[PDB]
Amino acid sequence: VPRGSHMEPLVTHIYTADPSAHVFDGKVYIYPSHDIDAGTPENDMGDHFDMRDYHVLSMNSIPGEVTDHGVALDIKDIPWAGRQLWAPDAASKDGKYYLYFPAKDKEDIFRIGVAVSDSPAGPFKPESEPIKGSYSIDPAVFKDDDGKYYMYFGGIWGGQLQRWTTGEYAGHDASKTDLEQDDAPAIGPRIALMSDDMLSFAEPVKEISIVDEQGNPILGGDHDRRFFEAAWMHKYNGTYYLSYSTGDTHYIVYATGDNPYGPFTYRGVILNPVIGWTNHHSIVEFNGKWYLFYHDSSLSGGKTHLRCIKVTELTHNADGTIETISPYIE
């Protein structure tokens, strides 16, 4: 049956989260987390998110029938991974499809790996080790108009980004949150140009600067605006849009810049807070309309770790501003 007409859950037979949407082969492919009621301890490091596989979804139209393509990747088959298959993304280059995914290695450190297929629907064969120089969570692999591909990534608190300031993991007894200096600039998300073969980074990882409208860094204490997790990149009218979740303040916000690396100037809110703690989205153009894919905890009756993906239309103004979506108004 067709789905996606009035912000209803796109699928209900499994719990789904963290939707990363792409247009491949004229269809919308969605790469979400597959939530399960693991019953694991709930805490600020996110141990209650104990996902173990990925299912790829696809739609031929919006609204439309949603196809679940089965298990595309299972954690038991990822040689380096110990636990926690968190928000994934995909890319397409030269007839191959690449699934990028965050998982904890056997020392309980989040890294990002890649798995490879000949189909956007998978299934995918994981590389035996994670990407060298990767860390933390939430990859977004963005193909720019010039054919260069960039991985945006990172997440604070349970995503461990705050433990990576030196290029080496600070340890399990290091900060559980951020830099713990609220008057310093907030931690920024990471970016690296991808290698030609899509399996590695082509440069040392860079940190993205996010500033306010005056050009001053967004500060660590500014939880309404500062980066938490769920980076996404899209382009509109030649401008680069870095959007992301603010975490404990529950917003998707956006910031604009003139190149992949920024700096990005904070503009405003994309999506107001949803049912359930997390807020994770993607923004995609399909048949000349822009869509915001997102999730909430509505289907589970409010359980933060049992989510369902949804979609709604997103409106850019010609001046590059985006109209804020409030999830439960119409």
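Position 1 is the first residue in the sequence shown; the rest follow in order.
For the higher mean C-alpha B factor in the entry, choose 6-14 or 19-27.
Taking the mean C-alpha B-factor of 6-14 and of 19-27, the larger value falls to 6-14.
Please work out which of 67-75 and 224-232 has the higher mean CA B-factor as recorded in the PDB entry.
Higher mean C-alpha B-factor: 67-75.
Just the C-alpha B-factor column, please: which of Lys206, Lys96, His250, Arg111 has the biggest number?
Of the options given, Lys96 has the highest CA B-factor in the PDB entry.
Considering only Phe142, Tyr240, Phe153, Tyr169, which residue's Cα atom bears the greatest B-factor as recorded?
Out of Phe142, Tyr240, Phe153, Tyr169, the record gives the largest C-alpha B-factor to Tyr169.
Using the B-factor values recorded in the entry, state whether the Cα atom of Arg190 falls in the lowest, middle or highest third among the modelled residues of its chain.
Ranked within chain, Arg190 CA B lands in the lowest tercile.
Sorting by Cα B-factor within the chain, modelled residues only, which third would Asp212 end up in: lowest, middle or highest?
Middle third.
Using the temperature factors of the C-alpha atoms in this entry, rank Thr246 within its chain: lowest, middle or highest third.
Its C-alpha B-factor, which the entry lists for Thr246, ranks in the lowest third among residues of this chain.
Give the position of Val269 by CA B-factor within its chain, expressed as the lowest, middle or highest third.
As the PDB entry reports it, the C-alpha B-factor of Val269 lands in the lowest third of its chain.
For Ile283, does the deposited CA B-factor place it in the lowest, middle or highest third of the chain?
Answer is lowest: the recorded C-alpha B-factor places it there.
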